[PDB]
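Shown here: coords26.cif, mmCIF, C-alpha atoms.
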```cif
data_structure
#
loop_
_atom_site.group_PDB
_atom_site.id
_atom_site.type_symbol
_atom_site.label_atom_id
_atom_site.label_comp_id
_atom_site.auth_asym_id
_atom_site.auth_seq_id
_atom_site.Cartn_x
_atom_site.Cartn_y
_atom_site.Cartn_z
ATOM 1 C CA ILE A 29 2.899 -2.269 10.597
ATOM 2 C CA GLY A 30 -0.258 -1.424 8.674
ATOM 3 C CA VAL A 31 -2.985 -3.703 7.363
ATOM 4 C CA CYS A 32 -5.312 -3.170 4.395
ATOM 5 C CA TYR A 33 -8.978 -3.316 5.429
ATOM 6 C CA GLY A 34 -10.717 -4.840 2.406
ATOM 7 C CA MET A 35 -14.501 -5.045 2.792
ATOM 8 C CA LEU A 36 -15.565 -7.212 -0.165
ATOM 9 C CA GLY A 37 -16.887 -10.181 1.766
ATOM 10 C CA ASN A 38 -20.559 -10.886 2.515
ATOM 11 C CA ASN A 39 -19.805 -12.084 6.069
ATOM 12 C CA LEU A 40 -17.190 -9.767 7.623
ATOM 13 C CA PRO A 41 -17.506 -8.161 11.077
ATOM 14 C CA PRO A 42 -18.882 -4.606 11.314
ATOM 15 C CA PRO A 43 -16.195 -1.872 11.161
ATOM 16 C CA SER A 44 -16.399 -1.262 14.953
ATOM 17 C CA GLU A 45 -15.351 -4.873 15.651
ATOM 18 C CA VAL A 46 -12.663 -4.587 12.980
ATOM 19 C CA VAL A 47 -11.184 -1.465 14.634
ATOM 20 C CA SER A 48 -11.199 -3.308 17.988
ATOM 21 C CA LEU A 49 -9.347 -6.203 16.330
ATOM 22 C CA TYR A 50 -6.703 -3.798 14.957
ATOM 23 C CA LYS A 51 -6.227 -2.248 18.417
ATOM 24 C CA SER A 52 -6.058 -5.575 20.291
ATOM 25 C CA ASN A 53 -3.391 -6.817 17.847
ATOM 26 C CA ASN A 54 -1.382 -3.571 18.149
ATOM 27 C CA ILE A 55 -1.727 -2.830 14.416
ATOM 28 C CA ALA A 56 -0.762 0.835 14.047
ATOM 29 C CA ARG A 57 -2.062 1.718 10.557
ATOM 30 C CA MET A 58 -4.979 0.915 8.226
ATOM 31 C CA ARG A 59 -5.674 1.326 4.505
ATOM 32 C CA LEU A 60 -9.242 2.017 3.346
ATOM 33 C CA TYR A 61 -10.087 1.652 -0.364
ATOM 34 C CA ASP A 62 -12.927 4.183 -0.126
ATOM 35 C CA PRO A 63 -14.298 6.651 2.484
ATOM 36 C CA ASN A 64 -16.726 4.165 4.041
ATOM 37 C CA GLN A 65 -18.660 6.205 6.582
ATOM 38 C CA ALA A 66 -19.177 3.321 9.032
ATOM 39 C CA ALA A 67 -15.412 2.687 9.061
ATOM 40 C CA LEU A 68 -14.503 6.357 9.537
ATOM 41 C CA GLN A 69 -16.987 6.604 12.437
ATOM 42 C CA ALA A 70 -15.474 3.489 14.049
ATOM 43 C CA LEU A 71 -11.970 4.926 13.628
ATOM 44 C CA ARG A 72 -12.777 8.011 15.732
ATOM 45 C CA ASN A 73 -10.465 8.149 18.790
ATOM 46 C CA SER A 74 -8.771 4.847 17.849
ATOM 47 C CA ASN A 75 -5.331 6.391 17.193
ATOM 48 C CA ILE A 76 -4.977 4.154 14.104
ATOM 49 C CA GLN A 77 -3.234 6.073 11.313
ATOM 50 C CA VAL A 78 -5.218 5.989 8.069
ATOM 51 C CA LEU A 79 -4.234 5.659 4.405
ATOM 52 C CA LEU A 80 -7.479 6.641 2.633
ATOM 53 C CA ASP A 81 -8.056 6.018 -1.097
ATOM 54 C CA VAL A 82 -10.018 8.238 -3.448
ATOM 55 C CA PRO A 83 -12.191 5.674 -5.317
ATOM 56 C CA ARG A 84 -11.721 5.373 -9.085
ATOM 57 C CA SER A 85 -15.276 6.687 -9.615
ATOM 58 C CA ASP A 86 -14.346 10.007 -7.918
ATOM 59 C CA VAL A 87 -10.984 10.856 -9.518
ATOM 60 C CA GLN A 88 -12.262 12.566 -12.695
ATOM 61 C CA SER A 89 -14.616 14.850 -10.727
ATOM 62 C CA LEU A 90 -11.888 15.867 -8.257
ATOM 63 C CA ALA A 91 -9.736 16.858 -11.268
ATOM 64 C CA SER A 92 -12.358 18.617 -13.410
ATOM 65 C CA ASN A 93 -15.030 20.130 -11.118
ATOM 66 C CA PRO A 94 -13.469 22.995 -9.092
ATOM 67 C CA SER A 95 -15.827 22.487 -6.096
ATOM 68 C CA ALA A 96 -15.402 18.696 -5.901
ATOM 69 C CA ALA A 97 -12.053 18.358 -4.087
ATOM 70 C CA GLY A 98 -13.116 20.779 -1.359
ATOM 71 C CA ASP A 99 -16.464 19.003 -0.942
ATOM 72 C CA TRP A 100 -14.754 15.591 -0.781
ATOM 73 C CA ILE A 101 -12.221 16.700 1.829
ATOM 74 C CA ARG A 102 -14.881 18.441 3.926
ATOM 75 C CA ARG A 103 -17.163 15.368 3.932
ATOM 76 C CA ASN A 104 -14.564 12.602 4.334
ATOM 77 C CA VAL A 105 -11.675 14.259 6.207
ATOM 78 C CA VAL A 106 -12.588 17.566 7.916
ATOM 79 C CA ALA A 107 -15.806 16.057 9.334
ATOM 80 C CA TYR A 108 -13.695 13.348 11.032
ATOM 81 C CA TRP A 109 -10.628 15.418 12.014
ATOM 82 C CA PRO A 110 -8.853 15.300 14.384
ATOM 83 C CA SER A 111 -10.578 12.224 15.920
ATOM 84 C CA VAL A 112 -9.497 10.123 12.903
ATOM 85 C CA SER A 113 -5.717 10.082 12.469
ATOM 86 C CA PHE A 114 -5.455 10.571 8.698
ATOM 87 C CA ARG A 115 -1.966 10.097 7.230
ATOM 88 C CA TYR A 116 -2.393 9.758 3.423
ATOM 89 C CA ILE A 117 -4.875 10.378 0.647
ATOM 90 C CA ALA A 118 -4.121 8.010 -2.262
ATOM 91 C CA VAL A 119 -5.558 9.431 -5.489
ATOM 92 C CA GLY A 120 -6.178 6.252 -7.463
ATOM 93 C CA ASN A 121 -4.952 2.671 -7.187
ATOM 94 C CA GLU A 122 -3.026 1.002 -10.044
ATOM 95 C CA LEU A 123 -4.131 3.508 -12.707
ATOM 96 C CA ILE A 124 -0.718 4.430 -14.189
ATOM 97 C CA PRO A 125 -0.145 4.361 -17.095
ATOM 98 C CA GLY A 126 -2.855 2.189 -18.698
ATOM 99 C CA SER A 127 -6.115 3.562 -17.262
ATOM 100 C CA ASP A 128 -8.193 6.205 -19.036
ATOM 101 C CA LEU A 129 -8.300 7.879 -15.586
ATOM 102 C CA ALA A 130 -4.506 8.373 -15.349
ATOM 103 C CA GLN A 131 -4.950 11.787 -17.033
ATOM 104 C CA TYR A 132 -6.937 12.974 -13.988
ATOM 105 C CA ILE A 133 -4.563 11.875 -11.196
ATOM 106 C CA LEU A 134 -2.194 14.858 -10.897
ATOM 107 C CA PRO A 135 -4.977 17.470 -11.318
ATOM 108 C CA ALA A 136 -6.986 15.679 -8.585
ATOM 109 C CA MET A 137 -3.876 15.483 -6.356
ATOM 110 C CA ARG A 138 -3.282 19.230 -6.772
ATOM 111 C CA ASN A 139 -6.909 20.113 -5.960
ATOM 112 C CA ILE A 140 -6.971 17.861 -2.871
ATOM 113 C CA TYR A 141 -3.630 19.263 -1.687
ATOM 114 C CA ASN A 142 -4.954 22.830 -2.023
ATOM 115 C CA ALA A 143 -7.987 22.030 0.153
ATOM 116 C CA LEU A 144 -5.867 20.293 2.807
ATOM 117 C CA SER A 145 -3.340 23.149 2.770
ATOM 118 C CA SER A 146 -6.009 25.776 3.428
ATOM 119 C CA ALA A 147 -7.060 23.822 6.544
ATOM 120 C CA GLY A 148 -3.446 23.453 7.763
ATOM 121 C CA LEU A 149 -3.488 19.669 7.225
ATOM 122 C CA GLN A 150 -1.099 19.426 4.223
ATOM 123 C CA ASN A 151 1.718 18.223 6.496
ATOM 124 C CA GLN A 152 0.090 15.405 8.482
ATOM 125 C CA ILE A 153 -2.098 14.261 5.572
ATOM 126 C CA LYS A 154 0.129 13.740 2.536
ATOM 127 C CA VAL A 155 -1.259 13.333 -0.988
ATOM 128 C CA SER A 156 0.003 10.624 -3.351
ATOM 129 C CA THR A 157 -1.176 7.885 -5.725
ATOM 130 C CA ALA A 158 -0.762 4.106 -5.464
ATOM 131 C CA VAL A 159 0.900 2.289 -8.377
ATOM 132 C CA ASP A 160 1.739 -1.314 -9.224
ATOM 133 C CA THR A 161 5.256 -2.437 -10.184
ATOM 134 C CA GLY A 162 4.206 -2.579 -13.850
ATOM 135 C CA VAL A 163 5.382 1.055 -13.976
ATOM 136 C CA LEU A 164 8.941 -0.367 -14.114
ATOM 137 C CA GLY A 165 10.678 -1.216 -17.366
ATOM 138 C CA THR A 166 14.073 -2.549 -16.308
ATOM 139 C CA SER A 167 14.269 -4.010 -12.782
ATOM 140 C CA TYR A 168 17.340 -6.315 -12.703
ATOM 141 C CA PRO A 169 19.574 -5.627 -10.939
ATOM 142 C CA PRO A 170 17.625 -3.240 -8.647
ATOM 143 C CA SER A 171 20.043 -0.367 -9.478
ATOM 144 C CA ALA A 172 18.937 -0.616 -13.139
ATOM 145 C CA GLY A 173 15.379 0.252 -12.058
ATOM 146 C CA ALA A 174 13.680 2.713 -14.405
ATOM 147 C CA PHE A 175 10.082 3.647 -15.188
ATOM 148 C CA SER A 176 8.730 2.749 -18.630
ATOM 149 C CA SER A 177 8.337 5.663 -21.057
ATOM 150 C CA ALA A 178 4.535 5.535 -20.718
ATOM 151 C CA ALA A 179 4.708 5.505 -16.903
ATOM 152 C CA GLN A 180 7.365 8.255 -16.907
ATOM 153 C CA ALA A 181 5.105 10.684 -18.786
ATOM 154 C CA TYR A 182 2.681 10.561 -15.831
ATOM 155 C CA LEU A 183 5.159 9.908 -13.013
ATOM 156 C CA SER A 184 7.756 12.597 -13.741
ATOM 157 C CA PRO A 185 5.232 15.425 -13.085
ATOM 158 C CA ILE A 186 3.754 13.499 -10.121
ATOM 159 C CA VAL A 187 7.212 12.932 -8.580
ATOM 160 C CA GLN A 188 8.054 16.645 -8.883
ATOM 161 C CA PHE A 189 4.835 17.322 -6.942
ATOM 162 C CA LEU A 190 5.650 14.657 -4.320
ATOM 163 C CA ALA A 191 9.203 15.950 -3.835
ATOM 164 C CA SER A 192 7.977 19.542 -3.446
ATOM 165 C CA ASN A 193 5.370 18.567 -0.814
ATOM 166 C CA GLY A 194 7.468 16.004 1.101
ATOM 167 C CA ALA A 195 5.104 13.138 0.168
ATOM 168 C CA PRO A 196 5.972 9.503 -0.690
ATOM 169 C CA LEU A 197 5.063 7.366 -3.682
ATOM 170 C CA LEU A 198 2.747 4.489 -2.753
ATOM 171 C CA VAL A 199 3.522 1.114 -4.381
ATOM 172 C CA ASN A 200 1.726 -2.227 -4.162
ATOM 173 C CA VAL A 201 4.573 -4.791 -3.953
ATOM 174 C CA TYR A 202 4.113 -8.578 -4.243
ATOM 175 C CA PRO A 203 7.125 -10.922 -4.198
ATOM 176 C CA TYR A 204 4.442 -13.641 -4.569
ATOM 177 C CA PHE A 205 3.659 -12.698 -8.186
ATOM 178 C CA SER A 206 7.353 -12.434 -9.120
ATOM 179 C CA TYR A 207 7.738 -15.976 -7.772
ATOM 180 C CA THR A 208 4.765 -17.476 -9.666
ATOM 181 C CA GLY A 209 5.708 -15.544 -12.802
ATOM 182 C CA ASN A 210 9.284 -16.878 -12.886
ATOM 183 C CA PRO A 211 9.447 -20.603 -11.975
ATOM 184 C CA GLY A 212 12.999 -21.963 -11.752
ATOM 185 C CA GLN A 213 14.501 -18.439 -11.647
ATOM 186 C CA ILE A 214 12.994 -16.821 -8.531
ATOM 187 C CA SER A 215 13.245 -19.200 -5.574
ATOM 188 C CA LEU A 216 10.645 -19.640 -2.863
ATOM 189 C CA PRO A 217 13.110 -18.783 -0.038
ATOM 190 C CA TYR A 218 14.144 -15.593 -1.903
ATOM 191 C CA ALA A 219 10.466 -14.544 -1.959
ATOM 192 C CA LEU A 220 9.816 -15.552 1.694
ATOM 193 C CA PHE A 221 12.804 -13.697 3.297
ATOM 194 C CA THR A 222 14.531 -17.043 4.097
ATOM 195 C CA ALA A 223 17.105 -17.181 1.290
ATOM 196 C CA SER A 224 20.640 -17.986 2.425
ATOM 197 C CA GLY A 225 23.118 -15.198 1.753
ATOM 198 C CA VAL A 226 23.197 -12.738 -1.122
ATOM 199 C CA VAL A 227 20.979 -13.655 -4.086
ATOM 200 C CA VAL A 228 21.790 -10.519 -6.123
ATOM 201 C CA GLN A 229 25.064 -8.642 -5.614
ATOM 202 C CA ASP A 230 24.394 -5.181 -7.032
ATOM 203 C CA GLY A 231 27.642 -3.269 -6.591
ATOM 204 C CA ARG A 232 27.734 -2.195 -2.936
ATOM 205 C CA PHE A 233 24.131 -3.340 -2.372
ATOM 206 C CA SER A 234 23.374 -6.919 -1.299
ATOM 207 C CA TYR A 235 19.901 -8.393 -1.901
ATOM 208 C CA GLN A 236 18.944 -11.274 0.395
ATOM 209 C CA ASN A 237 15.184 -11.012 -0.260
ATOM 210 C CA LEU A 238 12.854 -10.227 -3.156
ATOM 211 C CA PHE A 239 10.892 -7.514 -1.309
ATOM 212 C CA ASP A 240 14.071 -5.418 -1.059
ATOM 213 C CA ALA A 241 14.946 -5.993 -4.724
ATOM 214 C CA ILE A 242 11.553 -4.792 -5.983
ATOM 215 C CA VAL A 243 11.335 -1.772 -3.662
ATOM 216 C CA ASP A 244 14.888 -0.669 -4.518
ATOM 217 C CA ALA A 245 14.140 -0.902 -8.252
ATOM 218 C CA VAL A 246 11.469 1.745 -7.533
ATOM 219 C CA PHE A 247 13.938 3.899 -5.540
ATOM 220 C CA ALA A 248 16.418 3.651 -8.448
ATOM 221 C CA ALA A 249 13.674 4.687 -10.891
ATOM 222 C CA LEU A 250 12.651 7.618 -8.677
ATOM 223 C CA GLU A 251 16.234 8.927 -8.587
ATOM 224 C CA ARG A 252 16.139 9.394 -12.387
ATOM 225 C CA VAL A 253 13.091 11.712 -12.369
ATOM 226 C CA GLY A 254 13.773 14.140 -9.507
ATOM 227 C CA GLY A 255 12.693 11.730 -6.781
ATOM 228 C CA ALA A 256 15.901 10.988 -4.844
ATOM 229 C CA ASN A 257 14.290 12.315 -1.629
ATOM 230 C CA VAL A 258 10.879 10.704 -2.243
ATOM 231 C CA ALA A 259 10.171 7.781 0.089
ATOM 232 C CA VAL A 260 8.315 4.625 -0.920
ATOM 233 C CA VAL A 261 5.350 3.427 1.131
ATOM 234 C CA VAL A 262 4.443 -0.188 0.394
ATOM 235 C CA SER A 263 0.668 0.220 0.311
ATOM 236 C CA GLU A 264 -0.024 -3.509 -0.221
ATOM 237 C CA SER A 265 2.000 -6.684 0.265
ATOM 238 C CA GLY A 266 0.826 -10.198 1.067
ATOM 239 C CA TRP A 267 0.702 -13.898 0.239
ATOM 240 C CA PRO A 268 -2.366 -16.088 -0.452
ATOM 241 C CA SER A 269 -3.034 -19.009 1.915
ATOM 242 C CA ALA A 270 -5.149 -21.080 -0.511
ATOM 243 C CA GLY A 271 -6.759 -21.046 -3.971
ATOM 244 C CA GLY A 272 -3.563 -21.317 -6.031
ATOM 245 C CA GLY A 273 -0.720 -23.810 -6.357
ATOM 246 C CA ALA A 274 0.930 -25.778 -3.556
ATOM 247 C CA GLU A 275 2.854 -22.766 -2.245
ATOM 248 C CA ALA A 276 -0.372 -20.812 -1.641
ATOM 249 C CA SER A 277 -0.595 -22.293 1.866
ATOM 250 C CA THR A 278 -1.156 -21.113 5.446
ATOM 251 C CA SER A 279 2.457 -22.047 6.263
ATOM 252 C CA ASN A 280 3.913 -19.873 3.487
ATOM 253 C CA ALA A 281 1.501 -16.973 4.075
ATOM 254 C CA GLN A 282 2.493 -16.972 7.751
ATOM 255 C CA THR A 283 6.182 -17.014 6.840
ATOM 256 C CA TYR A 284 5.844 -14.202 4.301
ATOM 257 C CA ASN A 285 3.761 -11.852 6.446
ATOM 258 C CA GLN A 286 5.541 -12.538 9.752
ATOM 259 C CA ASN A 287 8.951 -12.154 8.106
ATOM 260 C CA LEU A 288 7.797 -8.910 6.454
ATOM 261 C CA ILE A 289 6.911 -7.552 9.910
ATOM 262 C CA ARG A 290 10.382 -8.518 11.225
ATOM 263 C CA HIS A 291 12.087 -7.049 8.134
ATOM 264 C CA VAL A 292 10.729 -3.564 7.498
ATOM 265 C CA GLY A 293 12.329 -1.820 10.501
ATOM 266 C CA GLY A 294 15.756 -2.055 8.861
ATOM 267 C CA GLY A 295 14.732 -0.414 5.577
ATOM 268 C CA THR A 296 16.235 -1.571 2.264
ATOM 269 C CA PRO A 297 19.856 -1.756 1.038
ATOM 270 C CA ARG A 298 19.491 1.557 -0.887
ATOM 271 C CA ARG A 299 17.535 3.176 1.979
ATOM 272 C CA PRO A 300 18.583 1.504 5.261
ATOM 273 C CA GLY A 301 18.318 4.572 7.532
ATOM 274 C CA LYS A 302 14.574 4.390 8.223
ATOM 275 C CA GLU A 303 11.784 1.815 8.592
ATOM 276 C CA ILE A 304 9.881 1.135 5.361
ATOM 277 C CA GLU A 305 6.195 1.807 5.975
ATOM 278 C CA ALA A 306 4.223 -1.246 4.791
ATOM 279 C CA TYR A 307 0.593 -2.382 4.731
ATOM 280 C CA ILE A 308 -0.168 -6.117 4.714
ATOM 281 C CA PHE A 309 -2.819 -7.114 2.200
ATOM 282 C CA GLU A 310 -5.147 -7.881 3.904
ATOM 283 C CA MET A 311 -7.153 -8.106 7.152
ATOM 284 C CA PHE A 312 -9.792 -10.650 6.044
ATOM 285 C CA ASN A 313 -10.419 -13.305 3.442
ATOM 286 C CA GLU A 314 -12.769 -11.561 0.976
ATOM 287 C CA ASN A 315 -15.267 -14.053 -0.465
ATOM 288 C CA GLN A 316 -16.654 -11.642 -3.112
ATOM 289 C CA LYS A 317 -13.273 -11.362 -4.845
ATOM 290 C CA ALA A 318 -12.483 -13.546 -7.860
ATOM 291 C CA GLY A 319 -12.384 -17.256 -7.044
ATOM 292 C CA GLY A 320 -8.935 -18.542 -6.125
ATOM 293 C CA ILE A 321 -6.040 -16.702 -4.497
ATOM 294 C CA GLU A 322 -7.819 -13.321 -4.328
ATOM 295 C CA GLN A 323 -10.317 -14.784 -1.812
ATOM 296 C CA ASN A 324 -7.432 -15.901 0.451
ATOM 297 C CA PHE A 325 -5.172 -12.934 1.327
ATOM 298 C CA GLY A 326 -6.597 -12.583 4.856
ATOM 299 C CA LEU A 327 -4.755 -12.537 8.167
ATOM 300 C CA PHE A 328 -8.146 -13.374 9.715
ATOM 301 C CA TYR A 329 -11.199 -15.452 8.867
ATOM 302 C CA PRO A 330 -14.605 -13.679 8.785
ATOM 303 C CA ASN A 331 -15.364 -14.837 12.385
ATOM 304 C CA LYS A 332 -12.070 -13.193 13.533
ATOM 305 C CA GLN A 333 -10.124 -16.427 14.086
ATOM 306 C CA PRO A 334 -6.573 -15.919 12.730
ATOM 307 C CA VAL A 335 -5.964 -17.843 9.497
ATOM 308 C CA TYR A 336 -2.453 -18.232 10.961
ATOM 309 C CA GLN A 337 -0.975 -16.647 14.102
ATOM 310 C CA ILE A 338 0.893 -13.356 13.598
ATOM 311 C CA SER A 339 2.716 -11.054 16.022
ATOM 312 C CA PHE A 340 2.251 -7.512 14.652
#
```
The structure in this file should be written as structure tokens.
Amino acid sequence: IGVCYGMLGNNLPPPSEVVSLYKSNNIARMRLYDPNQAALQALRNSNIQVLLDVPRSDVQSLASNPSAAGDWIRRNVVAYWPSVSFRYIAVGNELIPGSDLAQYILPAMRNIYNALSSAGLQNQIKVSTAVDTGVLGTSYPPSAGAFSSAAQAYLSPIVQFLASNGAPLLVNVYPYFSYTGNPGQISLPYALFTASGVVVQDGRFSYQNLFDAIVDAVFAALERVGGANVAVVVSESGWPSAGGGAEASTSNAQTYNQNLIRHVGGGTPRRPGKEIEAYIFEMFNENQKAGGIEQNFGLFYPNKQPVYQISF
């Protein structure tokens, strides 16, 4: 399993202690939301595989300035390779289709890919972008999954690129928000992997949990735009332990995240052959996030005590 290393608290451990905590918990992968130099230094020789984001403030330059992608890769990747085990570069996070920066994603992806390819790294370090599930229009049943017209205009060209390079699409997936958004329709057990039997019978495909239903809606959408062979990496998934309603609790967050860990090895109903790569959001409670649930997605408190015990 992977874990997202969010840094927006005023009281978190230094990156070196955080890397030690990953290693001691046998957490194999890490997402960084920017090329923090202290984190990349700490990751040297750790063997932790890294999903590294291009920050939103860099995407336009990587698209438009012909020197920028090469400079970015040389500073943030080549300077740390091979001691840092890079696995993905995610060009943007939740930009499609509404952001004014969406127009720069594929150009930036192409320019980054070219730089990595020249160095012989285009295979181990795959280039993608991270989207939210708002890119879906229809999503029930999962086999009806299709991108919205607005999302499709950006994603069809991106998916052609991903398929050609053997790269996945990254998707932030939260059963939690489907649950809170649909009271009386989406059950708590369905969201927490503890539903009894099939909740949605979708032809040959049986959905026992909400995670599978959302992810497979994305697979179904990908199949319509030349993406049948494009894998999905779940680049965020988690459950808040406080700051919301009664079901934002340590008990439910433990159930969601532990069950996720026990689930992903079997894949999904549409793609059962391989483990789904997933990153738990997130390592620590971040006290500089918006008040409420966003301050409470941590597996660990700032002093490194687990918020709830997890076997990774």
Answer as a PyMOL selection string, residues within 12 Å of (-13.8, 19.7, -4.0) using all atoms listed in the file: chain A and resi 86-105+135-144
Who sits within 12 Å of residue 283 in chain A, only C-alpha atoms, same chain under 3 positions skipped, as a ChimeraX atom specification: /A:216-222,266-269,275-280,286-291,327,336-339
Output check: residues returned by the PyMOL selection byres ((chain A and resi 61) around 7), as a PyMOL selection string: chain A and resi 59-60+62+80-81+83
d(CA of residue 324 in chain A, CA of residue 115 in chain A) in Å: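 The value is 27.4 Å.
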Nearest to residue 207 in chain A, chosen from A:254, A:165, A:173, A:273, with only C-alpha atoms counted in the distances: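 Nearest candidate to residue 207 in chain A out of A:254, A:165, A:173, A:273: A:273.
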Target residues per the PyMOL selection byres ((chain A and resi 238) around 7), formatted as a list in words: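 That expression, the PyMOL selection byres ((chain A and resi 238) around 7), corresponds here to residues 203, 218, 219, 237, 239, 240, 241 and 242 of chain A.
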A:311, A:181, A:195, A:55 ranked by distance to residue 125 in chain A, top pick (using all atoms listed in the file):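 Looking only at the distances to residue 125 in chain A, the closest residue turns out to be A:181.
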Return the padded bounding box of range 40-59 of chain A as lines of an AutoDock Vina configuration file: axis-aligned, built from all atoms listed in the file, 8 Å added on each side, with centre and edge lengths in Å to one decimal.
```
center_x = -9.8
center_y = -4.0
center_z = 12.4
size_x = 34.1
size_y = 27.5
size_z = 31.8
```
d(CA of residue 119 in chain A, CA of residue 149 in chain A) in Å: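 These atoms are spaced 16.5 Å apart.
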Given all atoms listed in the file as the counted atoms, nearest of A:111, A:65, A:224, A:316 to residue 77 in chain A: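 Looking only at the distances to residue 77 in chain A, the closest residue turns out to be A:111.
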Explicit residues for the PyMOL selection byres ((chain A and resi 292) around 6) (as an MDAnalysis selection string): chainID A and resid 291 293:295 303:304
Separation of CA of residue 109 in chain A from CA of residue 49 in chain A, in Å and rounded to one decimal: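 Atom-to-atom, CA of residue 109 in chain A and CA of residue 49 in chain A are spaced 22.1 Å apart.
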Nearest candidate to residue 247 in chain A (options A:234, A:208, A:167, A:157; using only C-alpha atoms):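 For residue 247 in chain A, the nearest of the candidates is A:167.
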Selected residue, from A:282, A:210, A:296, A:54, that lies nearest to residue 74 in chain A when counting all atoms listed in the file: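 Once distances to residue 74 in chain A are computed over all atoms listed in the file, the minimum belongs to A:54.
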